[PDB]
Asks: 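Below is a structure I'd like to ask you about.
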There are 2 protein chains.
Amino acid sequence: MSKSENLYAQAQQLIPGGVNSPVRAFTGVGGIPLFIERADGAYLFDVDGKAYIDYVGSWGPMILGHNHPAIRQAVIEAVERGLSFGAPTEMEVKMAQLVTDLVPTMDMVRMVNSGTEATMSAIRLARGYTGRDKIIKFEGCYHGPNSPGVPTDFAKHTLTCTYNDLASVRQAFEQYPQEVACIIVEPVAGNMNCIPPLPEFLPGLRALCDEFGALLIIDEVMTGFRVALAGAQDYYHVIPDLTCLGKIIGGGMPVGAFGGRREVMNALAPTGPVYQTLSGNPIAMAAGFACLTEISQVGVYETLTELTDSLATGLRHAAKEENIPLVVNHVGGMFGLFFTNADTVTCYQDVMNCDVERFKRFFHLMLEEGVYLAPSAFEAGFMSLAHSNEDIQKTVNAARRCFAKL
Amino acid sequence: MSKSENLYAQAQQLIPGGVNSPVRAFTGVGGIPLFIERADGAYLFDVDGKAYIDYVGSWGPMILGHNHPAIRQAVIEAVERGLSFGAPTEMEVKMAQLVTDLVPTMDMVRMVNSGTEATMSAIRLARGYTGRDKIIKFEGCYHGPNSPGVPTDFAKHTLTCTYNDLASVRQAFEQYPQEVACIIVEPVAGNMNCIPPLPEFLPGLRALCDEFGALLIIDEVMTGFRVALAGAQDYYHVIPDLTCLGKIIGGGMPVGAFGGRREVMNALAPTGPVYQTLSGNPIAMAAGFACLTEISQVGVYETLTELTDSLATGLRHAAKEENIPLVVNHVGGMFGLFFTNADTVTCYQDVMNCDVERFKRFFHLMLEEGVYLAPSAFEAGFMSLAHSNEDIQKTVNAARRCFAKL
Ligand code: NA
Ligand code: NA
């Protein structure tokens, strides 16, 4: 019995399932979860001292890798001034200025405590601004059969459409022409694994919102600062009414933000009638400020994309050599692995058709090789700027050995 | 124009109303909000360098005062290991053990990212465990006419009762005998200012839940570790089915937790069918662990209560000398000021009958005296263990001078 196994047994007595986050229970992959002592650059170190090349990046915040010195220095300096104040600070203003500089579509912005609060606040704003009740969301897309604990009437004003399918979106609008307040969309799906949009998809959503008087909300909690500096909306050339941000903007600590067109944001109280939640923590905003300053430097996204592209190329080549059907999706610093015979993976149905038991065996074989992947078939992979060409070639060599055993 | 006034003008261009949290806009009191540079012990220091005796305590987290060395040391040490991991840690287990040791009614516990997530998760668990849809909540009580942005059917399964009125609770149960999943109650109301329960009230809620098969959820996000070490539930001798915690458990950074009876908590996934949100951040849990270790030492609550009682006594005496009708409510390290002719303040209607314009003038006069009070008539005051007898006598002397000017 390892230190992780002992901590898991201990945890099970006081925490249901031994974990606070059900995905961290390894339910997706099976077995006992890995407890982590520390992290540095491209690596995770478990409680038994084993090192792993990390492709989880704490679920997307660690763009610069773990424990980046500029972020660590900014937080140690901020901590001397106190953790929180319950009153506004100069960092709130500086952070709002930096975020609106980096993401130009945002004229105004509000910082919140998490990505979930940002999406919920953006949805509430769209409903208040338009005076309409219905929202369009996509299947396999999480923003923050029937599950126990929630009353049936809770999902009454939510219209679920098919990701990358403009016809299903038009159909929902044609059913409710004057009732859709907004479309909320992940510009690159990340919660059904990594699914980039079809070229027609995001401009098609912008044109439908314009036609039917709805607001377009682009949820960049995961894609923000990962796909591109100015977001996946910049990369795919689409201008939304509102943007949601999280993760990277906190530099490793929870932070959220939502922003958009000046006249939409002006509808928020005290300026307007829409009321929203907790403000951004000062330590988390100091971490995020330092992170955003570092990634806005020349050549950062070029390097991130080159690292991710080299991993995707190597994995495809390794799978082919070992006769393992595999699709790799990737954009900027984001990627997704799919064990399927399909030529492309562009929708939720394609993800559902992947070989989940094969992914589970691959995941455990990769842990043995010292590679830590997201422990789910329905989660995207993340590249960091601390990963070296050597880390990538080691990962590709490890995947080839794992593919030979499937 | 001060540095706070300049930051506020700057903030208004990019942030609706110049603040992230509408209460921090000083809407309750009027005027331009104070921007805070730093905090230490019992004091806040604004961006112009002015010192204030603080009674906001960052909205309750700062039980040990601001920037406590044990908390600062624990976070600087934890930050070296990385900010977040997206995987379980030993601190999750240690923190769960410490919280269940301090609050004995909790057999099992789950850590979440905020107090709001804890109350929402506890409400979802009660609904899932009982299979019922309705919840009872109290007016003036916030857990996380009609406001724009939320559809009308959203509050369909919520029954609002009157705080400190057992008859209104019985009436709601008699209307829906087999449909109430739970009662969620702040054991000391803090979001309509400070309203302690009547002696009959919390035991009466326990007896009604038992009669009608509902779960009793005690929301201790604010009262936890403030009223007493084992919570206001220990102080008022009531045993709930579930407890919600926040604030102090994060040592100044956002953290939430919900816990309760072993068989109720076992209904959570993967062990049971109820699914919930983000896990506790490691830096925030290191801050909370150090905070909870410090306040569980002998004599802490005795000192906290003595400080709060001496402030309440001094304020009452000062108001009487100056012919200003005032009610002071207080329990453990929590207090509330009420400008009213009423003999007692025990309900929402009493709070509504207070002189709000008098509170607004008092608040601004106290800021001039170097005392920072919650900038709302509907918010409780907080005592810290860093406040000295001299701080308290200075506050009482300042309040007497302010009462003479009302
Ligand atoms: Na490329
Ligand atoms: Na007393």
Side-chain angles (χ1 to χ4, degrees), chain A residues 103 105-110 112 115-144 155-166 168-189 191 197 201-224 231-233 236 238-246 256-268 272-277, chain B residues 16 148-151:
Chain A
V103 191
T105 61
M106 301 177 357
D107 300 330
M108 300 190 96
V109 64
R110 204 162 252 174
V112 287
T116 298
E117 291 173 29
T119 60
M120 287 327 295
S121 300
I123 288 170
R124 189 169 298 188
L125 185 54
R127 283 179 157 141
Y129 182 85
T130 64
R132 304 172 181 190
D133 291 311
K134 297 207 174 287
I135 69 162
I136 288 160
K137 83 165 195 203
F138 297 92
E139 194 176 10
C141 285
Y142 178 79
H143 303 287
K156 193 192 174 182
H157 295 284
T158 300
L159 305 169
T160 304
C161 296
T162 296
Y163 195 83
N164 272 330
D165 180 28
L166 291 169
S168 69
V169 183
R170 181 167 281 282
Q171 278 164 28
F173 273 119
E174 272 164 9
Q175 194 58 61
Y176 311 96
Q178 323 285 325
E179 284 165 90
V180 180
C182 61
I183 300 179
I184 186 157
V185 62
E186 293 177 72
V188 180
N191 295 301
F201 188 55
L202 301 176
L205 298 183
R206 171 31 83 203
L208 287 161
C209 287
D210 288 350
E211 181 175 341
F212 293 97
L215 299 191
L216 174 61
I217 301 174
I218 293 179
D219 178 4
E220 299 236 40
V221 164
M222 192 170 283
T223 56
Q233 58 187 254
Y236 292 110
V238 179
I239 297 162
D241 295 285
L242 298 169
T243 298
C244 304
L245 302 167
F258 75 106
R261 291 166 41 206
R262 181 160 268 108
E263 62 168 301
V264 176
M265 293 296 289
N266 280 339
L268 288 163
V274 184
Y275 284 80
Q276 52 184 73
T277 182
Chain B
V150 57

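So you know, we letter chains A, B, ... as the sequences are listed, proteins then strands, and number each from 1.
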Asks: Quick one: closest heavy-atom pair of A/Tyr163 and A/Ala189, and the distance?
Replies: OH-N, 3.4 Å
Asks: Can you tell me how far the CG atom of A/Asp133 sits from the OH atom of A/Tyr176, to the nearest 0.5 Å?
Replies: 12.0 Å
Asks: Would A/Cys182 and A/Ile135 count as a side chain to side chain contact (heavy atoms under 4.5 Å, CB included) here? Give the steps.
Replies: CA-CA 5 Å; A/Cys182 61; A/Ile135 69 162; 3.6 Å; yes
Asks: Would you say A/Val238 and A/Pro203 make side-chain contact, with heavy atoms under 4.5 Å?
Replies: yes
Asks: Under a 4.5 Å cut-off applied to non-hydrogen side-chain atoms, are A/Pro240 and A/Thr105 in contact?
Replies: yes
Asks: State, yes or no, whether a side-chain contact exists between A/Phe138 and A/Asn164 at a heavy-atom distance under 4.5 Å.
Replies: no
Asks: Counting C-beta onward and ignoring hydrogens, is there a side-chain heavy-atom pair between A/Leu166 and A/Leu205 closer than 4.5 Å?
Replies: yes
Asks: May I ask you to check whether over 12 heavy atoms, not counting those of A/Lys137, lie within 6.0 Å of atom NZ?
Replies: no
Asks: Between B/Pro16 and A/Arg110, what is the shortest heavy-atom contact and its length?
Replies: O-NH2, 2.7 Å
Asks: Side chains of A/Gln276 and A/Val112: does their closest heavy-atom pair fall under 4.5 Å?
Replies: yes
Asks: Distance check, rounded to the nearest 0.5 Å: A/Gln171 atom CD versus A/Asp165 atom CG?
Replies: 7.5 Å
Asks: Are side-chain N/O atoms of A/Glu117 and A/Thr277 paired as donor and acceptor at under 3.5 Å?
Replies: yes
Asks: At their closest point, which heavy atom of A/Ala118 faces which heavy atom of A/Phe258, and how far apart are they?
Replies: O-CB, 3.7 Å
Asks: Closer than 3.5 angstrom, by distance alone: can the side chain of A/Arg127 be matched with the main-chain N or O of A/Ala181 as a donor-acceptor pair?
Replies: no
Asks: I'd like to check A/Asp107 versus A/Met265 (side-chain heavy atoms, cut-off strictly below 4.5 Å). Are they in contact?
Replies: no
Asks: Between side-chain atoms of residues 208-222 of chain A and protein atoms elsewhere (two or more places apart, or another chain), which donor-acceptor pairs fall under 3.5 Å?
Replies:
unit_1: A/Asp210; atom_1: OD1; unit_2: A/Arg206; atom_2: NH1; d: 2.9
unit_1: A/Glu211; atom_1: OE1; unit_2: A/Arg170; atom_2: NH1; d: 3.4
unit_1: A/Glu211; atom_1: OE1; unit_2: A/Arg170; atom_2: NH2; d: 2.6
unit_1: A/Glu211; atom_1: OE2; unit_2: A/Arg170; atom_2: NH1; d: 2.9
unit_1: A/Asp219; atom_1: OD1; unit_2: A/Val221; atom_2: N; d: 3.1
unit_1: A/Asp219; atom_1: OD2; unit_2: A/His143; atom_2: ND1; d: 2.5
unit_1: A/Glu220; atom_1: OE1; unit_2: A/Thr223; atom_2: OG1; d: 2.7
unit_1: A/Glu220; atom_1: OE1; unit_2: A/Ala232; atom_2: N; d: 2.7
unit_1: A/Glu220; atom_1: OE2; unit_2: A/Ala232; atom_2: N; d: 3.3
unit_1: A/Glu220; atom_1: OE2; unit_2: A/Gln233; atom_2: N; d: 3.0
unit_1: A/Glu220; atom_1: OE2; unit_2: A/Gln233; atom_2: NE2; d: 2.9

Asks: To check you understand the geometry: which heavy-atom pair defines the closest contact between A/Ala172 and A/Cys161, and what is its length?
Replies: CB-SG, 3.8 Å
Asks: Indicate the atoms forming the closest heavy-atom contact of A/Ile183 with A/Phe173, along with that distance.
Replies: CD1-CE1, 3.5 Å
Asks: I'd like to check the salt bridge (charged side-chain N to carboxylate O under 4.0 Å, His left out) partners of A/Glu139; sequence neighbours left out, ordered by chain and number.
Replies: none
Asks: How far apart are the closest heavy atoms of A/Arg132 and A/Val180, and which atoms are they?
Replies: NH1-O, 3.0 Å
Asks: A/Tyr129 and A/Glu263: side-chain donor and acceptor closer than 3.5 Å?
Replies: yes
Asks: Just checking A/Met108: does its CE atom have more than 12 heavy atoms from other residues, nucleotides or ligands closer to it than 6.0 angstrom?
Replies: yes
Asks: Quick check for you: to the nearest 0.5 Å, what is the distance between A/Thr119 atom OG1 and A/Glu186 atom CD?
Replies: 9.5 Å
